[PDB]
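Heads up, the chain shows up twice below as structure tokens, two forms, tagged structure 1 and structure 2.
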Structure 1
């Protein structure tokens, strides 16, 4: 997630491995449990898409449940593009481009571009947007158990 250092700068701070390890243990004990969702949202506060994917990849899960999660994310990303089309073409070096669904999901964006959108004014909270997509998918999983 993003936090301000001892100067003023908004810097990225990776998620602690000990937090990740404890989290996977929680999910393992409360598989498909609704209470895990508010906890997921709590631990991902200020998280960038990169951080979110690290959490998702670390947890893993059932092949099938991961599918519904990915499909949900993909569906929401395509819905973002349908509503927020981005222009392709000429852009000067260092110019900020508008994020597409795949950028919000961290697939086609770097940590630096994610931080840029998140610390911009007006900000494009790509971390918050992606988290919502994930939570939608998690809420879908709990309701099928697959």
Structure 2
């Protein structure tokens, strides 16, 4: 995630196995009950899309749920692309490109690009946006198994 240190500066750190273990735990012990959603939110504070994918990977064992999640993400990504079509052109040095749906999902973007967008002036909070899509997916999964 991207967190603030004591020197007021936003710095990146990899997702902690402590956090990952807590996520794996909530799912493996409660299996997509409604509780998994608030837990996912609590554990994903400041997360990059990369962090979120790491979290989702650790529970890839639940294949049906994971496919539902991936498809929800695809749909949300498409809607993002419909509403926010990317400026497909030359960009001057000092500037950076705009993210498409698959960039927000961390599929076609690097960690450095993700950090770049999250800390740009002005920013695009790609982690928060992706988290939104994932939570929509989690809600679908919770309904499915309700």
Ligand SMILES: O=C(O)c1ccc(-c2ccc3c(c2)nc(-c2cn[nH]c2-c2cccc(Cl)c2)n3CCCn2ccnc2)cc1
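Take the two forms, find the largest set of C-alpha atoms that superpose within 1.5 Å, and that set is the rigid core. Positions refer to the first chain, counted from 1.
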Kindly point out the structure, among the two, that is the form solved without the ligand. 1
With the core lined up, does the C-alpha of residue 96 move 2 Å or more between the two structures? no
Superpose the two forms on their rigid core, then report whether the C-alpha of residue 10 is displaced by 2 angstroms or more between the two structures. yes
Fit the two forms on their core, then tell me the C-alpha shift of residue 23 between the two structures in angstrom. 2.3
